[PDB]
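> This block holds the first chain(s) of the complex, placed as they are in the complex; more will follow:
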Amino acid sequence: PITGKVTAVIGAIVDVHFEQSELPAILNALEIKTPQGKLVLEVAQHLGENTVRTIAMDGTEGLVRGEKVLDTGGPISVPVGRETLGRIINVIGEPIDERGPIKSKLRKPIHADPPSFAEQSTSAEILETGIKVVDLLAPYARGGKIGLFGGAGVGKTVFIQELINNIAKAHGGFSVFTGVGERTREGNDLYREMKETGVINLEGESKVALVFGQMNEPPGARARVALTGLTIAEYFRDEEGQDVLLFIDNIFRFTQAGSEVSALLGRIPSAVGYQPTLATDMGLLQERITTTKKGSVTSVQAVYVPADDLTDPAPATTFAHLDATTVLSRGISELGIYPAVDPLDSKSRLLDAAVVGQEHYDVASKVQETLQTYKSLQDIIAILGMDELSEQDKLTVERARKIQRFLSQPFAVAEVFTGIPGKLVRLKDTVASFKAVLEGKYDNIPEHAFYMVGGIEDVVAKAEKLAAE
């Protein structure tokens, strides 16, 4: 078999030489039988003198000049199948949950070409999510890229949990989770909560697969984990014939690792320090996330904005691909409404009459008008008071507060900590429920009746039960 010898070790970069004159292809995986486990290297350059330069998928410490390296005959091959569910998989397709091997029948390369133009879906389509604020103002797209902007402190993990629950359980399907540079503590917490919520079961059926690339791992791994999970999502699409959704957390670190690997490979740094291949790398990741005749891989991507600068090349390049945004802002939990999604900074491409219908577009537009009118008058409400307002704008502020509160929702997973029972609402029951508030029918009712109620048919009942107390 094709065997080579190491010639250089500089950080995460390793050079190998193949005297036998049969060099390995780019993106192929090579193996070194280290004392601890095995060290995988991905070929990144051919440099002549039969020398190839490779990015390490694990720590390079302990390497010796003159160590053997064995070619695997192809790219990093992840396991695929229903046997991946409940397991935690690393970048190289190996179980890290200590619960034994994966007995899968097949293994699939992490590098595959996107679907052709002839295969793409011809029309947009709506993902009924069960969260009022999402499917009223910023609805999600089947087979699209959805970008979540917010930290753990604002409910990010529980939002991902409720998505996994509503889409996969009420509607039906599987799910894939991919930690690209995730904090290990958050990953343990997610695993524990998913065991608590019944998405993972050890002794029975389970319906989410976990790919974790920890922040301690070298840049070559963080740059490739996303493909590791995307390939499993694509298998469930093209070989299980079902709609799946793929969580990438966080997409910023894909570009960060790309910048590390480019700098290490000696490529001239571009703007503030990103790789020239930034747009093309993001494309070769994202454009596999699309709808095809056999199904749709949907994606919900957490996007870390460094220094709150949406003009930084990383988020700027990410935005070109995603068409729905969901901003979880501290400025909304500071006043105590969860999910804590900003109804105004959050936006969607699919909020078009040709997609959601005119009845929905009108409601959404008048909501984004009432909330914005309120957000215009706050200086006036503070320096002056609410008496100075006109009787028109006083009603607008009343209905804006009622709407701000009614966008809140108790999650079916918050039943444990908040105690609140948790409910999900259909798009009709939400559009019509807000139409009734804007039409002023329920202006008789106090704001508190809107606070944690899944639909107006229950706001009436809460009002009655509060007045009876």
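Okay, I see it. Numbers count the residues shown, from 1 in each chain, chains lettered A, B, ... in the order given.

> ok, residues contacting stretch A:112-132?
Contacts of stretch A:112-132 from elsewhere in the structure, counted by C-beta atoms under 8 Å, 6 or more residues apart in numbering, are A:135, A:139-144, A:162-163, A:166-167, A:170-171, A:231, A:234, A:284, A:287-288, A:290-293, A:296, A:298, A:339, A:341, A:349-350, A:355-356, A:406-407, A:409, A:424-427, A:430, A:454. Using the backbone N, CA and C atoms, a C-beta is placed for each residue, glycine as well.

> so where do the helices sit in the stretch 201-350 of chain A?
Counting by DSSP state H, counting those that start in this stretch, the stretch 201-350 of chain A has these helices, from start to end: A:219-222, A:225-240, A:252-264, A:278-286, A:313-319, A:330-333.

> hey, C-alpha coordinates of the longest one in CSV?
Put plainly, it is helix A:225-240. These are the backbone C-alpha positions of helix A:225-240, laid out as CSV (Å, rounded to 0.1, in the frame of the first residue of the first chain):
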residue,chain,number,x,y,z
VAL,A,225,-16.7,18.9,11.3
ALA,A,226,-19.5,20.8,9.5
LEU,A,227,-19.0,18.5,6.5
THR,A,228,-19.0,15.6,8.9
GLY,A,229,-22.5,16.3,10.0
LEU,A,230,-23.7,17.6,6.6
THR,A,231,-22.9,14.3,5.1
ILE,A,232,-25.1,12.4,7.5
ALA,A,233,-27.9,14.9,6.9
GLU,A,234,-27.4,14.3,3.2
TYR,A,235,-27.6,10.6,3.6
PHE,A,236,-30.9,10.8,5.5
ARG,A,237,-32.1,13.0,2.6
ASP,A,238,-30.9,11.0,-0.4
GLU,A,239,-31.0,7.5,1.2
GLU,A,240,-33.8,7.7,3.8
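
> Looking at the contacts of stretch A:112-132, which are in strands?
In this view, the contacts of stretch A:112-132 that belong to strands under DSSP state E are A:140, A:141, A:291, A:292, A:296, A:298.

> Chain B next, sequence below:
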Amino acid sequence: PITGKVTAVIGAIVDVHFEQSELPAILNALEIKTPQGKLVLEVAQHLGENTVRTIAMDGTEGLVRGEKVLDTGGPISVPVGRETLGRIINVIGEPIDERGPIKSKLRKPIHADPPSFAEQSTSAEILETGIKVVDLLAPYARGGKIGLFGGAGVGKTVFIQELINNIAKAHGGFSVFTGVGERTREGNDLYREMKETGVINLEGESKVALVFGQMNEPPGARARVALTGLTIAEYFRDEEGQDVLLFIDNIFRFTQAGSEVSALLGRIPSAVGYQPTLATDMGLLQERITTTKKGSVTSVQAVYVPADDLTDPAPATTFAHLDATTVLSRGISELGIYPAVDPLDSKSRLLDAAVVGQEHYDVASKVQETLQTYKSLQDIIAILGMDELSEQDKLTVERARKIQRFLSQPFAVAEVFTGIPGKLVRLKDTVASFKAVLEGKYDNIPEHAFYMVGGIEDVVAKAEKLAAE
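Okay, here's chain B dropped in alongside the others:
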């Protein structure tokens, strides 16, 4: 002797090839007997192939490829001890005063390792400087380290001269003045005044040692004279056990001289253009300027801030090495408030009630609070005016304008170009005055009464004089 031949000359850098294997060590001193007078080179690195690369302590003009070089057997050696008192020494230890040779028993290397952690000693004593802003808001420590940070044109040379007049004679011990890239005129103006005031008795006992590298000297000299001054000061600290005060003006020039030579030494430049070794090349010098169980060194350092950018790597790194730091700023100079100290950016380790007293601490805290309240309202005053401000804030602004103006103080060495005669103000008087101002006793005296006067009694005297006008 070990001898070699010059093979390259690029600015201050000179390469020397030794025909046999016995190469000179790094930091050694090599001599060239050019008929214009000998030239000393310091070995910076071994290039290989029997070549060494060296920095020239004098102009490289006239050097010929093929010129002989001879090893002296060790580093640059400077004379140390009592016979260095009252004399002016060059980097290479030769006198630049015409009084002949420095006859001394010991010559000592300019390169030596800092004191261990066990040798350190931490003082807490306050050095009454006579300067109001310093003694109040940033008291200098005896046995400590003091920085006068300041851009061009803010007046830190007059500050150094005032500190010399005030401290150097009441110190009683020994003094060393190290000029590093400063004006030769202000070296002559120091020699002359020290000769008039008797601290330099050319034909008697003296108690100040002068070492003068100046902005006319090549970078190799600016980068190494500070070590000669340090060597003299360290001998006075350790070998004589006396109390020592070391003046260095300006220590930024050491790092700048290293930067000038780094590019020709063959190093990839770091940030805005400085050498990689900035933080450690600086430390090797700075950690020698310290008090030890064997003796005390009180260090006043001038630190140039280029382009008024306090964030330039050099000042940003120097701030960590000093116990007291007074930042002279240009704005306070345009306002006419000499000595131009920023009352807020200036800080000292000793401004704690355990040392200065609770009265003093609270007075300084109230001064800072008043001035920061004034600086937070500046936009309002610019656009809106002072009318909008509340009653407490109008008073705080009047009092801030009085305080910032009362921190002005005329210096006896500045009279030639300011006209106003000098004032020395005791610490107790300063605290009492600023206390009386904060407590509102002098709200009836105008701002002009506080400008360029000494104590509060002078404020009253000038108020009476202005009233009589």
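
> beta partners of residue A:14?
On DSSP bridges, the residues paired with residue A:14 through beta bridges are residue A:9, residue A:54.

> Next, the contact list for it, please.
A:6, A:8, A:41, A:53, A:54, A:55, A:56, A:60, A:63 (C-beta atoms under 8 Å, 6 or more residues apart in numbering or on different chains).

> so how far is residue A:256 from the fourth one?
Going from residue A:53 to residue A:256 by C-beta to C-beta, to the nearest Å gives 21 Å.

> And the second one, by the same measure?
With distances taken as C-beta to C-beta, residue A:8 is found 24 Å from residue A:256.

> Over to the last one?
Summarising the geometry, the distance separating residue A:63 from residue A:256, computed by C-beta to C-beta, is 24 Å.

> neighbour count winner among the two?
When residue A:63 and residue A:256 are compared for neighbours, residue A:256 comes out ahead with 21 against 16, by other C-beta atoms under 10 Å in any protein chain shown.

> so that one touches residue A:222, yeah?
Yes - applying C-beta atoms under 8 Å, one finds residue A:256 in contact with residue A:222, separated by 7.4 Å.

> Residues that sit against both of the two, list them.
Here residue A:256 and residue A:222 have residue A:181 as joint contacts, going by C-beta under 8 Å, 6+ apart.

> give me the beta-bridge partners of the closest residue to residue A:97 other than its chain neighbours?
Leaving out its chain neighbours, the residue that sits closest to residue A:97 by C-beta to C-beta, 6 or more residues apart in numbering or on different chains is residue A:88, at 4.3 Å. Taking DSSP bridges, one obtains residue A:210 as the residues bridged to residue A:88.

> now residue A:88: how far from residue A:291?
Separation of residue A:88 from residue A:291 (C-beta to C-beta) stands at 28 Å.

> which one of these two has more residues nearby?
With other C-beta under 10 Å as the criterion, residue A:88 and residue A:291 differ in neighbour count, and residue A:291 comes out ahead with 23 against 20.

> while you're at it, add chain C from this line:
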Amino acid sequence: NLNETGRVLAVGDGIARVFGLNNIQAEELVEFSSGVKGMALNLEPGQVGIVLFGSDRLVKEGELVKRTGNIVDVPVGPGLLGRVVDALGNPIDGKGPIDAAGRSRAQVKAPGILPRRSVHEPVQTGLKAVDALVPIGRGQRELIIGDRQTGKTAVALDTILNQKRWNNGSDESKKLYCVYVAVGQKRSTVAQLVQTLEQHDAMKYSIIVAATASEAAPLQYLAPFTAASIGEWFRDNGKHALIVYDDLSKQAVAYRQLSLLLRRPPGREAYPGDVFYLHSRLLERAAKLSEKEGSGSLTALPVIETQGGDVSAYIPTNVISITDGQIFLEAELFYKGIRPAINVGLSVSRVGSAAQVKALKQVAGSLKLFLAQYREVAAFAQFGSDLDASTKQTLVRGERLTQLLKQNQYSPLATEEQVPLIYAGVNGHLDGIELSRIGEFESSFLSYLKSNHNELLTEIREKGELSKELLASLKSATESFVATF
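One more piece, chain C, placed on the ones above:
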């Protein structure tokens, strides 16, 4: 013998290039003639790049350089407690030799997903602004970030000093040992810090690791990993540790020096490409381990120094992304007498309520809500008179609370002393008290509570939770004070 023993080709600036050493492992130590040690960071087709732990004067071309076979390791054990040690565990305090339970490598791999347990127990700082607004848990990573001379070391050191009330205890589950890594600091600052810790008797539970400015850049780069390995002993033996790095910006500067002199290509701000991988594999070695692995914990408090308040700089941008939260210190708050100068709006915790003492949680919720309202209205703070009633009330309460959060240096508080004060602030009692008297308040109130209402403090401490029977008596006991005050 070139496999074991190479020859120096060139040397300078702290970097040597050695010929031979065909068998040397990456990051292995080499011993030069004249005994100077070095770390082999670059393995190249025909030469090895050694970074010298000492002065380069000793190394000369032609020097025989012999490999050690040892990846850099440092001693670990309890005998290090109360000692000042260099980046390699050698004692620099002069009290004598270290006694060590073993030796541990510097760059060991962090623990993975499975062995951890969630952060649920508090690292009590004794600072009101932290425990009540940005809680730190055991197993957490909290970045103390701020401009020069802003209060960071004070926060870390008050955290160290407040552990005295537990560490003298016999219950090993509460006592938290400390490690302080001085990177880039001058030796006199460490002398003063050890003086403070000795005065307060905190040294007996503190290890100081000092890669000072004069220390070679490799040792400044390496000291944090060795200090982490020292704390990891307490973690792996079921004990608890708090590792403070002061500061990681200077480790980054040292790594940049090393990289550039090794001729590696720079990235942003002249830093090397893989500085994120430098700090990441340092910080998240902090963990909270499950009962299976001994219940131990290691808590990291990395300091960062922001030039001009710019968090857009490379190393801040990286470390803010690695940590679980940030305490942001700002100078405009310092000069206003808000000390410690914690910007409650920029500061955040991602562990949150889980890390908080229950009694303090029960009030920090409202405290945070009200301070958010204040942060919103604050632009109109000065023209308080002409505003609306509700805005004026919010300004009043928020200003009184902000004043309430201040406290002196080296004067940490117990949570039994924090709860009553945050209660009296939240629940409106302090609104009648002039903004200048709040300092007289928290001093004169606790002294009252300790004297006349001791059982409230005893129960807040012992039980950990504010019961209603107790919250009502606390309301009573606060009314019975604001009346006399």
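
> For residue A:207, what are phi and psi?
phi -140, psi 30 (degrees, to the nearest 10).

> typo on my end, residue A:337
Residue torsions, per degrees, to the nearest 10, at residue A:337 are phi -120, psi 130.

> Relative to residue A:458, how far out is the closest residue to it other than its chain neighbours?
The spatial neighbour of residue A:337 that comes closest, neighbours along the chain excluded (C-beta to C-beta, 6+ apart), is residue A:408 at 4.2 Å. If you measure residue A:408 against residue A:458 using C-beta to C-beta, the figure is 13 Å.

> Can you tell me the SS state at the residue nearest the centre of chain C?
For chain C, residue C:301 is the residue whose C-alpha lies nearest the centre (C-alpha atoms, centre = their mean; 2.1 Å). At residue C:301, secondary structure determined by DSSP: H, G, I helix; E, B strand; the rest coil is strand.

> check contacts around it.
With contacts taken as C-beta under 8 Å, 6+ apart, residue C:301 has the following neighbours: C:136, C:142, C:143, C:144, C:155, C:156, C:159, C:242, C:243, C:244, C:245.

> Equivalent analysis for residue A:265, please.
A:13, A:44, A:45, A:53, A:55.

> Please point out which parts of stretch A:235-245 sit buried.
Judged by neighbour count (16 or more other C-beta atoms under 10 Å in any protein chain shown), stretch A:235-245 contains these buried residues: A:235, A:236, A:237, A:240, A:243, A:244, A:245.

> Just name the closest of those residues to chain C, please.
residue A:245 (21.7 Å; C-beta to the nearest C-beta).

> so how far is chain B from the residue of the stretch 1-150 of chain A found nearest chain C?
Distances between the stretch 1-150 of chain A and chain C by C-beta to the nearest C-beta are smallest at residue A:9, namely 4.1 Å. Computed as C-beta to the nearest C-beta, to the nearest Å, the residue A:9 to chain B distance reads 21 Å.
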